[PDB]
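work-v7.cif follows; it contains mmCIF, C-alpha atoms.
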```cif
data_run
#
loop_
_atom_site.label_atom_id
_atom_site.label_comp_id
_atom_site.auth_asym_id
_atom_site.auth_seq_id
_atom_site.Cartn_x
_atom_site.Cartn_y
_atom_site.Cartn_z
CA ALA A 1 -12.30 -144.88 25.45
CA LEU A 2 -10.16 -143.50 28.29
CA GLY A 3 -9.80 -139.81 27.53
CA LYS A 4 -10.80 -139.17 31.14
CA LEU A 5 -7.29 -140.11 32.32
CA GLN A 6 -5.62 -138.27 29.44
CA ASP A 7 -7.46 -135.12 30.53
CA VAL A 8 -5.50 -135.09 33.80
CA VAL A 9 -2.12 -135.23 32.07
CA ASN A 10 -3.21 -132.68 29.47
CA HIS A 11 -4.37 -130.20 32.11
CA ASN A 12 -1.26 -130.61 34.24
CA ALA A 13 1.23 -130.24 31.38
CA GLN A 14 -0.83 -127.39 29.93
CA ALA A 15 -0.90 -125.45 33.20
CA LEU A 16 2.85 -125.97 33.60
CA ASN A 17 3.46 -124.72 30.05
CA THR A 18 1.27 -121.65 30.60
CA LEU A 19 3.08 -120.89 33.85
CA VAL A 20 6.57 -121.29 32.38
CA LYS A 21 5.99 -119.20 29.27
CA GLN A 22 4.17 -116.60 31.36
CA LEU A 23 7.68 -115.69 32.52
CA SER A 24 8.09 -113.78 29.24
CA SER A 25 5.46 -111.09 29.84
CA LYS A 26 6.86 -107.69 30.79
CA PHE A 27 3.83 -106.65 32.90
CA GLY A 28 4.36 -103.11 31.61
CA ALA A 29 8.04 -102.99 32.59
CA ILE A 30 10.73 -101.96 30.10
CA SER A 31 12.16 -105.46 29.68
CA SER A 32 11.34 -109.02 30.70
CA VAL A 33 14.95 -109.82 31.70
CA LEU A 34 16.26 -108.20 34.86
CA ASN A 35 19.90 -107.65 33.89
CA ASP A 36 18.64 -105.45 31.06
CA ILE A 37 16.75 -103.28 33.57
CA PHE A 38 19.83 -103.18 35.81
CA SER A 39 22.40 -102.23 33.15
CA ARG A 40 20.23 -100.07 30.88
CA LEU A 41 18.25 -98.17 33.51
CA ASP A 42 18.82 -96.11 36.68
CA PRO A 43 18.53 -98.04 39.99
CA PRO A 44 16.22 -95.58 41.83
CA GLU A 45 13.24 -96.53 39.62
CA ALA A 46 14.75 -99.83 38.51
CA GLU A 47 13.69 -100.89 42.01
CA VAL A 48 10.08 -99.96 41.22
CA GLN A 49 10.12 -101.63 37.80
CA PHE B 1 32.01 -78.72 48.56
CA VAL B 2 32.06 -76.76 45.29
CA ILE B 3 31.44 -78.23 41.83
CA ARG B 4 30.55 -76.99 38.36
CA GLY B 5 27.04 -75.68 37.78
CA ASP B 6 26.16 -78.40 35.27
CA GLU B 7 27.06 -81.12 37.80
CA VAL B 8 24.18 -80.41 40.18
CA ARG B 9 22.29 -82.97 38.10
CA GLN B 10 25.24 -85.32 38.68
CA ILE B 11 24.73 -85.14 42.48
CA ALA B 12 22.06 -87.85 42.58
CA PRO B 13 21.93 -91.56 43.46
CA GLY B 14 22.88 -94.01 40.74
CA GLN B 15 24.39 -91.23 38.62
CA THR B 16 27.01 -91.80 35.93
CA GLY B 17 29.75 -89.27 35.27
CA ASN B 18 33.28 -88.17 35.99
CA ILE B 19 33.21 -86.43 39.38
CA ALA B 20 30.57 -88.84 40.68
CA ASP B 21 32.94 -91.77 40.16
CA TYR B 22 36.18 -89.97 41.07
CA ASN B 23 35.30 -87.06 43.41
CA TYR B 24 32.12 -87.86 45.40
CA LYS B 25 29.63 -90.73 45.22
CA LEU B 26 26.06 -90.84 46.53
CA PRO B 27 24.58 -94.21 47.55
CA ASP B 28 21.45 -95.48 45.84
CA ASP B 29 19.83 -95.92 49.27
CA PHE B 30 20.54 -92.30 50.26
CA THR B 31 17.93 -90.56 52.41
CA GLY B 32 18.02 -86.81 52.90
CA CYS B 33 18.00 -83.57 50.95
CA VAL B 34 20.25 -81.81 48.43
CA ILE B 35 20.75 -78.05 48.04
CA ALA B 36 22.34 -76.28 45.07
CA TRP B 37 22.73 -72.58 44.32
CA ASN B 38 25.01 -70.26 42.36
CA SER B 39 28.13 -68.97 44.12
CA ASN B 40 29.54 -66.83 41.30
CA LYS B 41 29.91 -63.72 43.47
CA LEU B 42 31.68 -65.88 46.09
CA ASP B 43 33.64 -68.73 44.45
CA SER B 44 34.16 -67.12 41.02
CA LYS B 45 36.49 -64.25 40.12
CA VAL B 46 37.27 -62.63 36.78
CA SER B 47 40.95 -63.54 37.20
CA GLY B 48 39.93 -67.10 38.10
CA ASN B 49 39.67 -68.61 41.58
#
```
How does the structure come out when it is put into structure tokens?
Amino acid sequence: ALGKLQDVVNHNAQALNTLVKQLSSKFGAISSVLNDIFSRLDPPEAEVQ
Amino acid sequence: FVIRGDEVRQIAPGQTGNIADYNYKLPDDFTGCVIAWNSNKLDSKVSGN
């Protein structure tokens, strides 16, 4: 009967979930966690990555 | 200064090695130019300089 209100909560929580787990993508970089790039790669192009 | 021929690669920012840590260190934010060339007829003798 009132799925119109549930849509708001679904969209908000869904957007938040997409945003938070988007933090895992590497965007082409070597690793998705920065300390890995800092310990296991040379700073001069670690900056670029 | 004078170093071994194989250590011209070691004269670079963010390098890892022996003389880089203990003899001469280049900053990662270094701006400038580096020159390297053989000095065997000058700094090398058959008896050992």
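Taking CA of residue 2 in chain B as the reference point, CA of residue 35 in chain B is found at 11.7 Å.
Among the candidate residues B:19, B:26, B:8, B:42, the one lying nearest to residue 44 in chain A is B:26, with distances computed using all atoms listed in the file.
Evaluating the PyMOL selection byres ((chain B) within 10 of (chain A)) against the shown model yields residues 12, 13, 14, 15, 16, 28 and 29 of chain B.
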Would you compute the box with edges along x, y and z of the file around range 30-39 of chain A, including every atom the file lists for it and 3 Å extra on each side, and give its centre and edge lengths in Å to one decimal, as lines of an AutoDock Vina configuration file?
```
center_x = 16.6
center_y = -105.9
center_z = 32.7
size_x = 17.7
size_y = 13.9
size_z = 12.1
```
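Excluding residue 43 in chain B and any residue on its chain fewer than 2 positions from it, the residues at most 12 Å away by all atoms listed in the file are residues 1, 2, 3, 4, 5, 37, 38, 39, 40, 41, 45, 46, 47, 48 and 49 of chain B.
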Atom pair CA of residue 32 in chain B / CA of residue 11 in chain B: separation (Å)
12.5 Å
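Here CA of residue 29 in chain A is placed at a distance of 5.8 Å from CA of residue 49 in chain A.
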Spatial neighbours of residue 30 in chain A, max dist 12 Å, only C-alpha atoms, sep filter under 6 positions, as a PyMOL selection string:
chain A and resi 36-38+40-42+45-46+48-49
